[PDB]
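Chemist: My sequence and its experimental structure, below.
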Amino acid sequence: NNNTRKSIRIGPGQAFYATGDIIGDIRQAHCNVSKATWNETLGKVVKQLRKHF
Amino acid sequence: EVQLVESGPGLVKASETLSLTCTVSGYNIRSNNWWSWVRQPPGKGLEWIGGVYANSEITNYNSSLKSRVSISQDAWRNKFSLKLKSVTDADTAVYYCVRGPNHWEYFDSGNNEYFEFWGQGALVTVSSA
Amino acid sequence: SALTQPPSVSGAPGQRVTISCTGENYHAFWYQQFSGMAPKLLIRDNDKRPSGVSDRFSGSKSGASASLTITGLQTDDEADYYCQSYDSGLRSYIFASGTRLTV
Ligand SMILES: *[C@@H]1O[C@H](CO)[C@@H](O[C@@H]2O[C@H](CO)[C@@H](O[C@@H]3O[C@H](CO[C@H]4O[C@H](CO)[C@@H](O)[C@H](O)[C@@H]4O)[C@@H](O)[C@H](O[C@H]4O[C@H](CO)[C@@H](O)[C@H](O)[C@@H]4O[C@H]4O[C@H](CO)[C@@H](O)[C@H](O)[C@@H]4O[C@H]4O[C@H](CO)[C@@H](O)[C@H](O)[C@@H]4O)[C@@H]3O)[C@H](O)[C@H]2NC(C)=O)[C@H](O)[C@H]1NC(C)=O
Ligand SMILES: *[C@@H]1O[C@H](CO)[C@@H](O[C@@H]2O[C@H](CO)[C@@H](O[C@@H]3O[C@H](CO)[C@@H](O)[C@H](O[C@H]4O[C@H](CO)[C@@H](O)[C@H](O)[C@@H]4O)[C@@H]3O)[C@H](O)[C@H]2NC(C)=O)[C@H](O)[C@H]1NC(C)=O
Ligand SMILES: *[C@@H]1O[C@H](CO)[C@@H](O)[C@H](O)[C@H]1NC(C)=O
Ligand SMILES: *[C@@H]1O[C@H](CO)[C@@H](O)[C@H](O)[C@H]1NC(C)=O
């Protein structure tokens, strides 16, 4: 998304930077990851961690 | 589920700006799509103007006629709000308002934005008499 | 630059006729228009036929032209037809004038 700043004023010399409008439609916020990488890397953790268990 | 109802002045006189607003119903005015206009003078084709991109301050126009227009988008009421400046009697037509293709991420279709929902169409004739 | 279309077509019912366009590197969209009725999109994304339109329409793009075919012409199809597409006139969709089907 792509929001907007609005500057409320709440006293002499104090501006409160509140949100204005959301420009567009509300899609979610996400962080992907690789998948062949995360499967390999999680497979190197188990090989090392078996040495203690 | 858009159903665009429009209503203009009804009969404008020459060298006086006219305005039309397309009341959107059944759908919000925030969907990443272009909200644009078009005209169909009797005879020549469906001459187009430009849009507003649901509620930003970003626009494109029709340089094929010129950059007279200054269309806005006032939401929270679902208004659509065309404004035509310095009209002459040659501008008479029937006016249609139309939205875009409802992209997913702000500009997915590079340059397509085909006009897919034509609401009802309204006509105004401009003359000194 | 600008596009151009044959002014008129004609054909008796129960026929296979195509309306063809001139030309680019983009897609093309086809609109019908009943006399006295608001236009409606009919073909987008060269084939990709939308929902609620008759299956009897089918588009296709050639090397530099696009045409849509219709099977079993019927009187309710006497509407006009428009070829719509963008160009590199820097801007400004440059869809050509239409051709009215006559039965
Ligand atoms: C993290 O990973 C995730 C996934 O692992 C990443 O998220 C993925 O991002 C992809 C691209 O950003 C996205 O792909 C899109 O999916 C859309 C989902 O469609 C939904 O609705 C349909 C119903 O039609 C369902 O079937 C589907 O399952 C979904 O629920 C698609 O709609 C998109 O396809 C459109 O664009 C492609 C390419 O442009 C076209 O080939 C396709 O035909 C669609 O074209 C429509 O939209 C364009 C946009 O302008 C128009 O030009 C075009 O004319 C079409 O518009 C008409 O048709 C649609 C119906 O298709 C209609 O709604 C519209 O109103 C018009 O009538 C696109 O393919 C993945 O879905 C998404 N994955 C997930 C899980 O969300 C993410 O990016 C990763 N993170 C980062 C940081 O990248
Ligand atoms: C959350 O709810 C609040 C209300 O509880 C809502 O705030 C409303 O926002 C709209 C748009 O920001 C305001 O509408 C204004 O109305 C006045 C009078 O009608 C107009 O003068 C304003 O228009 C001016 O600006 C336009 C753009 O330049 C011009 O076209 C116009 O001619 C004017 O110059 C504007 O339309 C509305 O007043 C408030 N509500 C109240 C009570 O003041 C808010 O929008 C809601 N949240 C979200 C995200 O929408
Ligand atoms: C992450 O984003 C970068 C940005 O360029 C891209 O090169 C890379 O392929 C992306 N990888 C994953 C796993 O999302
Ligand atoms: C990918 O993950 C699955 C999940 O259990 C695992 O069985 C498989 O061995 C993993 N792939 C590789 C190459 O290790």
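Modeler: Noted; the coordinates are in hand. Numbers count the residues shown, from 1 in each chain, chains lettered A, B, ... in the order given. Ligands and ions are numbered 1, 2, ... in the order given.
Chemist: Could you give the number of residues near residue B:26?
Modeler: 9 (other CB atoms under 10 Å in any protein chain shown). (C-beta placed from N, C-alpha, C; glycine too.)
Chemist: just so I have it, where are all the strands in chain A?
Modeler: Here chain A has its strands, by DSSP state E, at A:5-9, A:15-19.
Chemist: Include distance to residue A:48 when you put those strands into TSV, please.
Modeler: Output for the strands of chain A, formatted as TSV (distance: least, CB to CB, whole Å):
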stretch	distance to residue A:48
strand A:5-9	48
strand A:15-19	46
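Chemist: Using TSV, lay out the ones you listed together with distance to chain B.
Modeler: Converted to TSV, those look like this (distance: least, CB to the nearest CB, whole Å):
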stretch	distance to chain B
strand A:5-9	14
strand A:15-19	14
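Chemist: CSV for the ones you listed, including mean neighbour count and distance to chain C?
Modeler: Output for the strands of chain A, formatted as CSV (neighbours: other CB atoms under 10 Å in any protein chain shown; distance: least, CB to the nearest CB, whole Å):
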stretch, mean neighbour count, distance to chain C
strand A:5-9, 9, 32
strand A:15-19, 10, 34
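Chemist: Which of those sits closest to ligand 2?
Modeler: strand A:15-19 (8.6 Å; CB to the nearest ligand atom).
Chemist: Give me the phi and psi angles of residue C:60.
Modeler: In terms of degrees, to the nearest 10, the main-chain angles of residue C:60 are phi -170, psi 150.
Chemist: Please name the bridge partners of it.
Modeler: residue C:67 (DSSP bridges).
Chemist: my guess is it meets residue C:49, correct?
Modeler: No: counting by CB atoms under 8 Å, residue C:60 does not reach residue C:49; the two are 11.3 Å apart.
Chemist: More neighbours: the two, which one.
Modeler: residue C:49 (17 against 13).
Chemist: Compute the first-to-last residue distance for stretch C:2-22.
Modeler: Stretch C:2-22 has an end-to-end distance of 9 Å (criterion: CA to CA, to the nearest Å).
Chemist: Give me the buried positions along it.
Modeler: Going by neighbour count (16 or more other CB atoms under 10 Å in any protein chain shown), the buried part of stretch C:2-22 is C:3, C:5, C:9, C:19-21.
Chemist: can that stretch be found next to chain B?
Modeler: No: Stretch C:2-22 does not reach chain B (CB under 8 Å from any CB of the partner chain); its nearest approach is 9.6 Å.
Chemist: hang on, the earlier thing: would you turn the buried residues of stretch C:2-22 into a markdown table with distance to residue A:32?
Modeler: Listed next are the buried residues of stretch C:2-22 as a markdown table, based on distance: CB to CB, whole Å:
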| residue | distance to residue A:32 |
| --- | --- |
| C:3 | 42 |
| C:5 | 46 |
| C:9 | 52 |
| C:19 | 45 |
| C:20 | 45 |
| C:21 | 41 |
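Chemist: now the strands for chain C?
Modeler: Under DSSP E, chain C gives strands at C:16-20, C:29-33, C:40-43, C:57-61, C:66-71, C:80-84, C:99-100.
Chemist: now those strands as a markdown table including distance to residue B:116?
Modeler: Putting the strands of chain C into a markdown table (distance: least, CB to CB, whole Å) gives the following:
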| stretch | distance to residue B:116 |
| --- | --- |
| strand C:16-20 | 20 |
| strand C:29-33 | 9 |
| strand C:40-43 | 5 |
| strand C:57-61 | 15 |
| strand C:66-71 | 16 |
| strand C:80-84 | 11 |
| strand C:99-100 | 21 |
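Chemist: what's the nearest residue to residue B:70 if we skip its chain neighbours?
Modeler: residue B:83 (5.5 Å; CB to CB, 6 or more residues apart in numbering or on different chains).
Chemist: contacting residues around that neighbour?
Modeler: B:17, B:19, B:69-72 (CB atoms under 8 Å, 6 or more residues apart in numbering or on different chains).
Chemist: which residues sit in contact with the most centrally placed residue in chain B?
Modeler: Nearest to the mean C-alpha position of chain B, by CA atoms, centre = their mean, lies residue B:37 at 2.4 Å. By CB under 8 Å, 6+ apart, the residues touching residue B:37 are B:48-51, B:71, B:82, B:95-98.
Chemist: taking these one by one, which sit in strands?
Modeler: B:48-51, B:82, B:95-98.
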